[PDB]
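J.: Just so it is clear, I am handing over model_20.txt, which has compact mmCIF, C-alpha atoms.
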# COMPACT_ATOMS: atom_id res chain seq x y z
CA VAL T 338 93.82 79.00 97.83
CA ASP T 339 95.87 75.93 98.78
CA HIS T 340 97.75 73.40 96.68
CA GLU T 341 96.91 69.71 96.38
CA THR T 342 100.16 68.76 98.13
CA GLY T 343 99.67 71.33 100.89
CA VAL T 344 102.19 71.42 103.71
CA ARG T 345 105.39 69.53 102.88
CA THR T 346 108.16 69.13 105.46
CA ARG T 347 111.56 68.04 104.11
CA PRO T 348 114.28 67.85 106.80
CA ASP T 349 117.37 68.76 104.76
CA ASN T 350 120.24 67.49 106.91
CA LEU T 351 122.80 67.13 104.12
CA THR T 352 123.67 70.48 102.48
CA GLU T 353 124.93 71.97 105.75
CA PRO T 354 126.09 68.99 107.83
CA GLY T 355 125.79 69.34 111.56
CA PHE T 356 122.48 71.08 110.88
CA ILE T 357 118.93 70.04 110.14
CA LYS T 358 117.24 72.72 108.05
CA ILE T 359 113.60 71.69 108.29
CA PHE T 360 112.27 73.14 105.04
CA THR T 361 108.52 73.35 105.59
CA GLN T 362 106.61 74.79 102.66
CA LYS T 363 102.97 75.58 101.92
CA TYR T 364 101.73 77.27 98.75
CA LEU T 365 99.23 79.87 99.98
CA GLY T 366 97.17 82.38 98.04
CA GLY T 367 94.49 84.94 98.71
CA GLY T 368 92.26 87.15 96.59
CA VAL T 369 89.28 89.46 97.04
CA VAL T 370 86.67 87.89 94.76
CA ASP T 371 83.40 89.83 94.51
CA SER T 372 84.56 92.79 96.60
CA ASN T 373 80.91 93.81 97.02
CA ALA T 374 80.69 90.95 99.55
CA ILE T 375 83.24 92.61 101.89
CA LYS T 376 83.25 96.00 103.61
CA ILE T 377 85.95 97.79 105.63
CA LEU T 378 85.67 100.26 108.52
CA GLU T 379 88.65 102.39 109.57
CA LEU T 380 88.09 103.67 113.10
CA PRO T 381 89.05 107.32 113.74
CA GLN T 382 91.69 106.20 116.32
CA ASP T 383 90.80 109.37 118.31
CA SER L 93 157.34 37.09 79.30
CA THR L 94 155.74 39.57 81.69
CA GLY L 95 158.52 42.11 81.09
CA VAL L 96 157.26 42.89 77.59
CA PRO L 97 153.68 44.21 77.89
CA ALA L 98 152.65 42.88 74.47
CA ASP L 99 154.04 39.35 74.96
CA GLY L 100 151.43 38.29 77.48
CA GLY L 101 152.19 41.18 79.82
CA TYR L 102 148.80 42.86 79.60
CA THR L 103 147.11 39.64 80.76
CA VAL L 104 148.85 39.80 84.15
CA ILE L 105 146.74 42.10 86.32
CA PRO L 106 148.12 43.33 89.68
CA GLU L 107 146.05 41.79 92.47
CA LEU L 108 145.15 44.87 94.51
CA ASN L 109 144.63 43.88 98.14
CA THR L 110 141.05 45.04 98.70
CA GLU L 111 141.82 45.83 102.37
CA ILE L 112 143.63 49.17 102.35
CA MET L 113 146.39 49.37 104.96
CA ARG L 114 145.51 52.26 107.29
CA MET L 115 148.97 53.39 108.40
CA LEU L 116 147.74 55.63 111.22
CA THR L 117 145.62 52.98 112.97
CA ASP L 118 146.14 52.45 116.69
CA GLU L 119 144.04 51.16 119.57
CA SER L 120 143.02 54.32 121.41
CA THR L 121 145.07 54.26 124.60
CA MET L 122 143.05 57.21 125.91
CA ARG L 123 139.77 55.31 125.63
CA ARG L 124 141.31 52.28 127.35
CA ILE L 125 143.14 53.91 130.27
CA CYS L 126 140.34 56.45 130.81
CA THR L 127 136.69 55.66 131.40
CA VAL L 128 134.22 56.15 128.56
CA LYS L 129 130.76 57.45 129.52
CA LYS L 130 128.35 57.47 126.60
CA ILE L 131 125.95 60.29 127.38
CA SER L 132 123.06 62.23 125.82
CA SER L 133 123.65 65.90 126.66
CA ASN L 134 125.84 68.87 125.80
CA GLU L 135 127.40 68.91 129.27
CA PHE L 136 128.26 66.02 131.60
CA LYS L 137 128.44 66.78 135.32
CA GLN L 138 130.34 64.23 137.38
CA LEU L 139 130.21 64.90 141.12
CA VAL L 140 133.68 64.65 142.67
CA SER L 141 133.57 64.93 146.46
CA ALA L 142 136.60 66.92 147.63
CA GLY L 143 136.40 65.46 151.14
CA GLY L 144 136.57 67.10 154.54
CA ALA L 145 134.56 64.45 156.39
CA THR L 146 136.12 63.89 159.82
CA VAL L 147 135.61 61.89 163.01
CA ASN L 148 136.16 63.12 166.55
CA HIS L 149 137.01 59.74 168.16
CA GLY L 150 134.41 60.04 170.88
CA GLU L 151 134.81 58.65 174.38
CA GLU L 152 132.49 56.57 176.56
CA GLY L 153 130.37 59.22 178.25
CA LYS L 154 131.08 62.30 176.14
CA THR L 155 128.69 64.40 174.07
CA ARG L 156 129.19 63.58 170.39
CA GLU L 157 130.12 66.87 168.71
CA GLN L 158 129.30 67.85 165.14
CA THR L 159 131.68 66.66 162.43
CA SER L 160 132.29 68.60 159.22
CA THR L 161 130.11 67.50 156.32
CA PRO L 162 132.22 66.55 153.28
CA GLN L 163 132.24 68.76 150.20
CA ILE L 164 131.44 68.07 146.53
CA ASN L 165 132.97 69.55 143.39
CA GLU L 166 131.61 70.02 139.88
CA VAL L 167 133.50 68.96 136.75
CA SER L 168 131.55 70.35 133.77
CA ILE L 169 132.80 68.29 130.83
CA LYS L 170 131.15 69.73 127.72
CA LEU L 171 130.88 67.75 124.50
CA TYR L 172 131.84 69.42 121.23
CA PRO L 173 131.66 68.35 117.57
CA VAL L 174 134.90 66.77 116.36
CA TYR L 175 134.38 66.14 112.66
CA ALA L 176 136.00 65.66 109.28
CA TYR L 177 134.21 66.53 106.03
CA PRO L 178 136.18 64.99 103.13
CA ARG L 179 134.58 65.48 99.71
CA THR L 180 135.36 62.29 97.84
CA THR L 181 134.46 62.21 94.17
CA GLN L 182 131.54 59.92 93.36
CA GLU L 183 133.81 58.62 90.59
CA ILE L 184 136.18 56.88 93.01
CA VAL L 185 133.36 55.59 95.21
CA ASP L 186 131.89 53.94 92.12
CA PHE L 187 135.19 53.09 90.38
CA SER L 188 136.80 51.05 93.14
CA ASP L 189 137.52 47.59 94.48
CA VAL L 190 138.92 48.71 97.82
CA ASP L 191 135.82 50.10 99.52
CA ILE L 192 136.47 53.84 99.75
CA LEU L 193 133.46 54.49 101.97
CA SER L 194 134.59 52.04 104.66
CA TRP L 195 138.27 52.89 104.15
CA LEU L 196 137.59 56.61 104.57
CA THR L 197 135.40 56.03 107.62
CA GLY L 198 138.26 53.99 109.10
CA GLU L 199 140.79 56.70 108.27
CA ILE L 200 138.60 59.39 109.85
CA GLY L 201 138.04 57.17 112.88
CA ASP L 202 141.80 56.82 113.24
CA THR L 203 141.98 60.60 112.88
CA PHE L 204 139.39 60.85 115.66
CA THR L 205 141.57 58.63 117.86
CA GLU L 206 144.59 60.80 117.05
CA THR L 207 142.69 64.01 117.79
CA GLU L 208 141.39 62.42 120.99
CA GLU L 209 144.98 61.78 122.06
CA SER L 210 145.61 65.41 121.08
CA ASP L 211 142.57 67.13 122.63
CA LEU L 212 142.40 64.94 125.74
CA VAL L 213 146.08 65.75 126.42
CA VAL L 214 147.01 69.19 125.07
CA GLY L 215 143.58 70.43 123.95
CA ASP L 216 143.07 73.91 125.37
CA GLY L 217 139.32 73.39 125.75
CA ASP L 218 138.21 76.13 123.34
CA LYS L 219 135.05 74.37 122.14
CA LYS L 220 136.75 70.98 122.49
CA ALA L 221 137.86 68.51 125.15
CA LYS L 222 140.08 70.12 127.79
CA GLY L 223 143.20 68.00 128.14
CA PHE L 224 144.75 67.33 131.52
CA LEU L 225 147.87 69.27 130.51
CA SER L 226 145.83 72.33 129.50
CA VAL L 227 144.16 72.13 132.93
CA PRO L 228 145.97 74.62 135.22
CA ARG L 229 148.73 73.07 137.31
CA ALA L 230 149.90 73.77 140.86
CA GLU L 231 152.98 72.46 142.69
CA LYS L 232 151.19 71.55 145.92
CA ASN L 233 150.13 68.42 147.77
CA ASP L 234 146.61 66.99 147.67
CA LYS L 235 145.72 68.67 150.98
CA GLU L 236 146.72 72.23 150.02
CA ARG L 237 146.07 72.24 146.27
CA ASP L 238 142.83 73.56 144.81
CA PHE L 239 140.51 71.08 143.13
CA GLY L 240 140.43 71.00 139.35
CA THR L 241 144.19 71.59 139.22
CA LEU L 242 146.88 68.92 138.84
CA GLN L 243 149.95 68.52 141.02
CA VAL L 244 152.93 69.48 138.85
CA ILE L 245 156.52 68.71 139.86
CA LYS L 246 159.14 71.10 138.43
CA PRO L 247 162.68 70.16 139.52
CA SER L 248 165.86 71.83 138.33
CA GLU L 249 167.70 70.65 135.23
CA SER L 250 170.43 69.11 137.40
CA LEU L 251 168.42 66.22 138.88
CA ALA L 252 165.81 66.23 136.10
CA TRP L 253 167.68 64.22 133.45
CA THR L 254 170.43 62.85 135.74
CA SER L 255 168.46 60.93 138.37
CA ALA L 256 165.13 59.18 138.95
CA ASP L 257 164.11 61.73 141.60
CA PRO L 258 161.51 63.56 139.43
CA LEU L 259 159.85 60.29 138.41
CA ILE L 260 159.87 58.89 141.95
CA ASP L 261 158.37 62.20 143.08
CA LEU L 262 155.72 61.79 140.39
CA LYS L 263 154.98 58.20 141.45
CA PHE L 264 154.56 58.93 145.15
CA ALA L 265 152.77 62.21 144.54
CA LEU L 266 149.89 59.88 143.73
CA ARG L 267 148.22 58.29 146.71
CA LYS L 268 148.04 54.50 147.01
CA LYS L 269 144.36 54.87 146.06
CA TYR L 270 145.47 55.72 142.51
CA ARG L 271 148.82 53.92 142.39
CA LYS L 272 146.95 50.61 142.61
CA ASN L 273 145.60 51.08 139.07
CA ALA L 274 147.84 53.88 137.80
CA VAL L 275 149.49 54.25 134.40
CA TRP L 276 152.27 56.43 133.00
CA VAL L 277 151.69 58.80 130.08
CA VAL L 278 154.84 59.90 128.23
CA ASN L 279 155.67 61.23 124.79
CA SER L 280 157.78 58.94 122.62
CA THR L 281 160.54 61.55 122.37
CA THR L 282 160.23 62.25 126.10
CA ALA L 283 160.27 58.49 126.70
CA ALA L 284 163.51 58.18 124.73
CA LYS L 285 164.99 61.07 126.70
CA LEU L 286 163.93 59.34 129.94
CA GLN L 287 165.52 56.03 128.92
CA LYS L 288 168.74 57.97 128.21
CA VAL L 289 169.05 59.58 131.66
CA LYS L 290 172.46 58.78 133.11
CA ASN L 291 173.76 59.73 136.54
CA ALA L 292 177.08 61.44 137.27
CA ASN L 293 178.81 58.06 137.05
CA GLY L 294 177.37 57.31 133.61
CA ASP L 295 175.14 54.31 134.23
CA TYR L 296 171.56 54.41 133.03
CA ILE L 297 168.89 54.94 135.66
CA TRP L 298 166.18 52.98 133.81
CA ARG L 299 168.26 49.97 132.79
CA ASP L 300 165.71 48.40 130.40
CA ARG L 301 164.79 46.04 133.21
CA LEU L 302 162.07 44.24 131.22
CA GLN L 303 161.41 40.75 129.92
CA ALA L 304 160.06 39.96 126.45
CA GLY L 305 156.49 39.40 127.66
CA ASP L 306 156.49 42.43 129.96
CA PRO L 307 154.62 45.51 128.76
CA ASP L 308 156.70 48.67 128.89
CA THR L 309 156.68 49.83 132.51
CA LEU L 310 158.40 52.42 134.70
CA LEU L 311 158.71 52.27 138.50
CA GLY L 312 156.39 49.27 138.60
CA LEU L 313 153.56 50.85 136.61
CA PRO L 314 152.60 50.46 132.94
CA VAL L 315 153.42 53.23 130.47
CA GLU L 316 150.80 53.97 127.79
CA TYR L 317 152.57 56.50 125.59
CA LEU L 318 150.72 59.45 124.04
CA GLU L 319 152.36 60.91 120.94
CA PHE L 320 150.73 64.36 121.09
CA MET L 321 152.28 65.40 124.41
CA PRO L 322 154.74 68.32 124.42
CA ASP L 323 158.43 67.53 124.64
CA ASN L 324 159.84 66.90 128.14
CA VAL L 325 156.42 66.54 129.81
CA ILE L 326 155.26 63.47 131.76
CA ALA L 327 151.96 62.42 133.33
CA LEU L 328 150.94 59.59 135.64
CA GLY L 329 147.68 58.52 137.20
CA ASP L 330 144.64 56.28 137.53
CA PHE L 331 143.13 57.67 134.35
CA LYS L 332 140.05 55.48 134.83
CA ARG L 333 139.28 57.91 137.66
CA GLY L 334 141.69 60.66 136.63
CA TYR L 335 140.13 61.59 133.29
CA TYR L 336 136.66 61.28 131.78
CA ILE L 337 136.23 60.89 128.03
CA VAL L 338 132.58 61.79 127.48
CA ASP L 339 131.37 60.44 124.16
CA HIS L 340 127.84 61.09 123.00
CA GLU L 341 125.36 58.22 122.93
CA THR L 342 125.15 58.44 119.13
CA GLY L 343 128.91 58.05 118.79
CA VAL L 344 130.33 58.28 115.29
CA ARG L 345 127.43 59.09 112.94
CA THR L 346 128.52 58.86 109.30
CA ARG L 347 125.97 60.32 106.93
CA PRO L 348 127.52 60.28 103.42
CA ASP L 349 125.82 63.51 102.25
CA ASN L 350 125.65 62.59 98.55
CA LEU L 351 123.12 65.25 97.51
CA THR L 352 124.89 68.46 98.60
CA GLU L 353 127.11 68.64 95.51
CA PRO L 354 126.54 65.89 92.93
CA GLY L 355 129.56 64.20 91.46
CA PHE L 356 130.88 64.38 95.02
CA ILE L 357 129.93 62.38 98.11
CA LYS L 358 130.98 64.10 101.35
CA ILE L 359 131.30 61.77 104.33
CA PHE L 360 130.63 63.85 107.44
CA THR L 361 131.05 61.21 110.19
CA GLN L 362 130.91 63.80 112.98
CA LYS L 363 131.29 62.67 116.58
CA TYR L 364 130.78 64.56 119.85
CA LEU L 365 133.99 64.42 121.87
CA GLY L 366 134.32 65.70 125.40
CA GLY L 367 137.04 65.30 127.97
CA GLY L 368 137.84 66.54 131.42
CA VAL L 369 139.94 66.11 134.51
CA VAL L 370 138.03 64.17 137.17
CA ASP L 371 139.65 63.55 140.55
CA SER L 372 142.33 66.18 139.93
CA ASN L 373 144.20 64.28 142.67
CA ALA L 374 144.24 61.15 140.46
CA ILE L 375 146.60 62.63 137.83
CA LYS L 376 150.07 64.04 138.45
CA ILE L 377 152.12 66.10 135.97
CA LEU L 378 155.92 66.27 135.80
CA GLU L 379 157.52 69.13 133.90
CA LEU L 380 161.17 68.75 132.99
CA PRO L 381 163.48 71.50 131.71
CA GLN L 382 164.32 71.47 128.01
CA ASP L 383 167.86 70.23 127.33
CA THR M 146 142.35 66.22 109.90
CA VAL M 147 139.55 67.64 112.03
CA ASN M 148 138.81 71.32 112.63
CA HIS M 149 137.18 70.97 116.09
CA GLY M 150 134.04 72.83 115.13
CA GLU M 151 132.05 75.03 117.49
CA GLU M 152 128.33 75.21 118.24
CA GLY M 153 127.09 77.61 115.57
CA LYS M 154 130.01 77.68 113.13
CA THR M 155 130.12 76.65 109.48
CA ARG M 156 131.91 73.30 109.20
CA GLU M 157 134.87 73.90 106.88
CA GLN M 158 136.39 71.34 104.53
CA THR M 159 138.97 68.96 105.99
CA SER M 160 141.83 67.51 103.96
CA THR M 161 141.08 64.11 102.46
CA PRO M 162 143.71 61.54 103.48
CA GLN M 163 146.19 60.21 100.92
CA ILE M 164 147.03 56.68 99.75
CA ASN M 165 150.36 55.22 98.63
CA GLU M 166 151.22 52.34 96.32
CA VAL M 167 153.67 49.58 97.25
CA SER M 168 154.25 47.51 94.10
CA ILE M 169 155.69 44.25 95.40
CA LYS M 170 156.57 42.16 92.36
CA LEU M 171 157.03 38.40 92.56
CA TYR M 172 160.07 36.82 90.92
CA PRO M 173 161.21 33.22 90.41
CA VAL M 174 163.54 32.03 93.16
CA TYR M 175 164.65 28.56 92.10
CA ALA M 176 167.27 25.86 92.37
CA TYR M 177 167.86 23.32 89.60
CA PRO M 178 170.06 20.51 90.99
CA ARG M 179 170.70 17.66 88.55
CA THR M 180 170.78 14.56 90.72
CA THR M 181 171.82 11.34 89.04
CA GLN M 182 168.98 8.86 88.59
CA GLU M 183 171.46 6.35 90.05
CA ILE M 184 171.31 7.85 93.55
CA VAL M 185 167.55 8.40 93.42
CA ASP M 186 167.19 4.68 92.70
CA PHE M 187 170.14 3.46 94.79
CA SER M 188 169.13 4.94 98.14
CA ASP M 189 167.50 4.31 101.48
CA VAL M 190 167.46 7.92 102.63
CA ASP M 191 164.91 9.44 100.26
CA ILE M 192 166.95 11.78 98.06
CA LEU M 193 163.89 13.35 96.43
Let me see the structure of the file written as structure tokens.
T.:
Amino acid sequence: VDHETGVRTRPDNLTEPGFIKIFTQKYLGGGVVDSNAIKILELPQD
Amino acid sequence: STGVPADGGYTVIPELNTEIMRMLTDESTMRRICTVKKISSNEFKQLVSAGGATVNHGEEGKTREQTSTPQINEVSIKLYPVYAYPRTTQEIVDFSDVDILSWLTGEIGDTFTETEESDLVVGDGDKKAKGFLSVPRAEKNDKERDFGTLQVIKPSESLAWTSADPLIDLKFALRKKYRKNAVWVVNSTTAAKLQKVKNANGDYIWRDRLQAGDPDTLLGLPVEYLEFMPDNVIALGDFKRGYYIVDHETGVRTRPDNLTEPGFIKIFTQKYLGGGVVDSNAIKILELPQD
Amino acid sequence: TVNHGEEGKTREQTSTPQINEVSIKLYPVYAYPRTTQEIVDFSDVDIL
């Protein structure tokens, strides 16, 4: 799941002067919908 | 009358001169006497050839022997952030006729000139411009002395403030190469002490030998005074060659930073100042005992 | 003032410079000589 805005990069160069804090943000989400569609296999690792 | 506020006294408004008088303004003598190299880097490397190139004065019919290849020295002048971060209230910046933004930028630029005359002279070099005085000194001639160190003359208190001998020594410690376009660098208090030197007889040595149109000189060379020098310390040299003031290519960069804390606008106006001794043979230092 | 900040150091607050007021008040400097109209009329050197 993504947001309509997506990746947004705001280069805050004011709050801490002498610095650019490049605040890059992306709203990300993930969920297992219909778990019957996915299967897992843990190897014995010897 | 205007004396009584009620009797037409409130009508008279005081005409505030919209150009604030910046008391501490001065044309930066450092930036004029020394060269200014706008650069885009943290460190500026000027190559300063020490010398050592020789000739053997060959004869007609003699094998031409190898001559010594001249040497080069590195002067690593690193730029550092000299800044001021005043937090003016947004109230004044709005409620004003004298423009506080421009006035404060001018005041901080004058402060930058003052701290240039401080760092480029006395500045130890701890994350700032290394002044020529903070540069280690050595009482040796140009041939014997190590590069990156300035020739310092340290006479006794007897002939220091009694005669012109220390200053003549300082003048001719420089080579003609530098004395052509040399300049003196004295503190105002040290300058006053110099103008007061009187020999055993009592007459002044420097007998104010100037005309009205003459700039203040000393032993036939101009004297650009620096106020941040320590007491009883003198310098002299071709500071165009002798010292490099390495400013960054951006220069003064005044972002007002209005969003960090609303109700306050915080002019940052940081600059990147660097400074270093270049041609350590082009500057001479004269230490005089404290009276 | 400036604090001569380093590479990787928080930039501390510097003192904001001060301003002073010089209130120069204007006052009437005058002279009120009472010349006779006689001289002002009877003259070649312009008395006014």
J.: For residue 167 (chain M), find every residue with an atom within 12 Å (counting only C-alpha atoms), except residues of its own chain fewer than 6 positions away, and show them as a list in words.
T.: residues 106, 107, 108, 109, 112 and 113 of chain L
J.: Could you tell me how far CA of residue 165 (chain M) sits from CA of residue 110 (chain L), in Å to one decimal place?
T.: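 About the pair CA of residue 110 (chain L) and CA of residue 165 (chain M): they are 13.8 Å apart.
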J.: Give as a PyMOL selection string each residue that has an atom at most 12 Å from (131.4, 75.7, 113.3) in the file, counting only C-alpha atoms.
T.: (chain T and resi 353-356) or (chain L and resi 172-176+219-220+362) or (chain M and resi 147-158)
J.: Between CA of residue 335 (chain L) and CA of residue 248 (chain L), measure the distance and give it in Å to one decimal.
T.: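 Interatomic distance, CA of residue 335 (chain L) to CA of residue 248 (chain L): 28.1 Å.
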J.: One decimal, in Å: what's the spacing between CA of residue 313 (chain L) and CA of residue 276 (chain L)?
T.: 6.8 Å
J.: With all atoms listed in the file as the counted atoms, please give the residues lying no more than 12 Å from residue 366 (chain T), apart from itself and same-chain residues fewer than 4 positions off, as a PyMOL selection string.
T.: chain T and resi 338-340+343
J.: Need to verify the contact set: residue 348 (chain T), 12 Å, all atoms listed in the file, exclusion of same-chain residues closer than 3 positions in sequence. Can you return it as a ChimeraX atom specification?
T.: /T:345,351-354,356-362
J.: Near region 138-151 of chain L, within 6 Å and counting only C-alpha atoms, which residues show up once chain neighbours fewer than 4 positions away are dropped, as a PyMOL selection string?
T.: chain L and resi 159-167
J.: Those selected residues, please, written with C-alpha atoms and delivered as a CSV table (one decimal), in the coordinates of the input.
T.:
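Heads up, here's the output in part-v9.csv:
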chain,number,residue,atom,x,y,z
L,159,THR,CA,131.7,66.7,162.4
L,160,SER,CA,132.3,68.6,159.2
L,161,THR,CA,130.1,67.5,156.3
L,162,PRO,CA,132.2,66.6,153.3
L,163,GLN,CA,132.2,68.8,150.2
L,164,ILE,CA,131.4,68.1,146.5
L,165,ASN,CA,133.0,69.6,143.4
L,166,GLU,CA,131.6,70.0,139.9
L,167,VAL,CA,133.5,69.0,136.8
J.: I'd like a table as CSV: residues in chain L with an atom no more than 9 Å from chain T, each row giving the shortest atom pair and its distance in Å to one decimal, only C-alpha atoms counted, sorted by chain and rising residue number.
T.:
residue,atom,partner,partner_atom,distance
L:173,CA,T:355,CA,8.5
L:177,CA,T:354,CA,8.7
L:347,CA,T:351,CA,8.0
L:348,CA,T:351,CA,8.3
L:349,CA,T:351,CA,5.1
L:350,CA,T:351,CA,7.7
L:351,CA,T:351,CA,6.9
L:352,CA,T:352,CA,4.5
L:353,CA,T:352,CA,8.0
L:360,CA,T:354,CA,6.9
L:362,CA,T:355,CA,7.7
J.: As JSON, numbers by chain, please: the residues near residue 243 (chain L) (cut-off 8 Å, only C-alpha atoms, same-chain neighbours under 4 positions excluded).
T.: {"L": [229, 230, 231, 232, 233, 234, 237, 265, 373, 375, 376, 377]}
J.: Keeping only C-alpha atoms, write those residues as a PDB file, in the frame of the given file.
T.:
ATOM      1  CA  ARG L 229     148.730  73.070 137.310  1.00  0.00           C
ATOM      2  CA  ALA L 230     149.900  73.770 140.860  1.00  0.00           C
ATOM      3  CA  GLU L 231     152.980  72.460 142.690  1.00  0.00           C
ATOM      4  CA  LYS L 232     151.190  71.550 145.920  1.00  0.00           C
ATOM      5  CA  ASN L 233     150.130  68.420 147.770  1.00  0.00           C
ATOM      6  CA  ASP L 234     146.610  66.990 147.670  1.00  0.00           C
ATOM      7  CA  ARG L 237     146.070  72.240 146.270  1.00  0.00           C
ATOM      8  CA  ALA L 265     152.770  62.210 144.540  1.00  0.00           C
ATOM      9  CA  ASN L 373     144.200  64.280 142.670  1.00  0.00           C
ATOM     10  CA  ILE L 375     146.600  62.630 137.830  1.00  0.00           C
ATOM     11  CA  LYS L 376     150.070  64.040 138.450  1.00  0.00           C
ATOM     12  CA  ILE L 377     152.120  66.100 135.970  1.00  0.00           C
TER      13      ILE L 377
END
J.: Can you rebuild region 368-380 of chain T with N, CA, C and O atoms and give it as a PDB file, in the frame of the given file?
T.:
ATOM      1  N   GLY T 368      92.769  86.130  97.493  1.00  0.00           N
ATOM      2  CA  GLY T 368      92.260  87.150  96.590  1.00  0.00           C
ATOM      3  C   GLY T 368      90.866  87.586  96.988  1.00  0.00           C
ATOM      4  O   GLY T 368      90.057  86.793  97.486  1.00  0.00           O
ATOM      5  N   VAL T 369      90.588  88.871  96.760  1.00  0.00           N
ATOM      6  CA  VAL T 369      89.280  89.460  97.040  1.00  0.00           C
ATOM      7  C   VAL T 369      88.388  89.259  95.821  1.00  0.00           C
ATOM      8  O   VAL T 369      88.401  90.064  94.882  1.00  0.00           O
ATOM      9  N   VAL T 370      87.619  88.179  95.825  1.00  0.00           N
ATOM     10  CA  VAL T 370      86.670  87.890  94.760  1.00  0.00           C
ATOM     11  C   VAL T 370      85.324  88.473  95.151  1.00  0.00           C
ATOM     12  O   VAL T 370      84.864  88.276  96.279  1.00  0.00           O
ATOM     13  N   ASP T 371      84.688  89.193  94.223  1.00  0.00           N
ATOM     14  CA  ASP T 371      83.400  89.830  94.510  1.00  0.00           C
ATOM     15  C   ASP T 371      83.548  90.770  95.697  1.00  0.00           C
ATOM     16  O   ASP T 371      83.036  90.491  96.786  1.00  0.00           O
ATOM     17  N   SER T 372      84.283  91.871  95.503  1.00  0.00           N
ATOM     18  CA  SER T 372      84.560  92.790  96.600  1.00  0.00           C
ATOM     19  C   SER T 372      83.278  93.352  97.212  1.00  0.00           C
ATOM     20  O   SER T 372      83.287  93.792  98.365  1.00  0.00           O
ATOM     21  N   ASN T 373      82.168  93.329  96.472  1.00  0.00           N
ATOM     22  CA  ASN T 373      80.910  93.810  97.020  1.00  0.00           C
ATOM     23  C   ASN T 373      80.454  92.987  98.221  1.00  0.00           C
ATOM     24  O   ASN T 373      79.580  93.433  98.972  1.00  0.00           O
ATOM     25  N   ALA T 374      81.021  91.796  98.412  1.00  0.00           N
ATOM     26  CA  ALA T 374      80.690  90.950  99.550  1.00  0.00           C
ATOM     27  C   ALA T 374      81.446  91.328 100.822  1.00  0.00           C
ATOM     28  O   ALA T 374      81.140  90.777 101.882  1.00  0.00           O
ATOM     29  N   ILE T 375      82.424  92.231 100.745  1.00  0.00           N
ATOM     30  CA  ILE T 375      83.240  92.610 101.890  1.00  0.00           C
ATOM     31  C   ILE T 375      83.227  94.124 102.035  1.00  0.00           C
ATOM     32  O   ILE T 375      83.176  94.859 101.044  1.00  0.00           O
ATOM     33  N   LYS T 376      83.260  94.589 103.283  1.00  0.00           N
ATOM     34  CA  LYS T 376      83.250  96.000 103.610  1.00  0.00           C
ATOM     35  C   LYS T 376      84.279  96.244 104.716  1.00  0.00           C
ATOM     36  O   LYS T 376      84.507  95.381 105.572  1.00  0.00           O
ATOM     37  N   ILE T 377      84.885  97.433 104.698  1.00  0.00           N
ATOM     38  CA  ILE T 377      85.950  97.790 105.630  1.00  0.00           C
ATOM     39  C   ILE T 377      85.511  99.021 106.414  1.00  0.00           C
ATOM     40  O   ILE T 377      84.728  99.842 105.929  1.00  0.00           O
ATOM     41  N   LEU T 378      86.033  99.158 107.634  1.00  0.00           N
ATOM     42  CA  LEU T 378      85.670 100.260 108.520  1.00  0.00           C
ATOM     43  C   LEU T 378      86.925 100.700 109.272  1.00  0.00           C
ATOM     44  O   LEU T 378      87.386 100.000 110.179  1.00  0.00           O
ATOM     45  N   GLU T 379      87.476 101.852 108.897  1.00  0.00           N
ATOM     46  CA  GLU T 379      88.650 102.390 109.570  1.00  0.00           C
ATOM     47  C   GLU T 379      88.188 103.296 110.709  1.00  0.00           C
ATOM     48  O   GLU T 379      87.583 104.346 110.471  1.00  0.00           O
ATOM     49  N   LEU T 380      88.475 102.887 111.941  1.00  0.00           N
ATOM     50  CA  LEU T 380      88.090 103.670 113.100  1.00  0.00           C
ATOM     51  C   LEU T 380      88.903 104.966 113.157  1.00  0.00           C
ATOM     52  O   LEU T 380      90.041 105.015 112.683  1.00  0.00           O
TER      53      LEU T 380
END
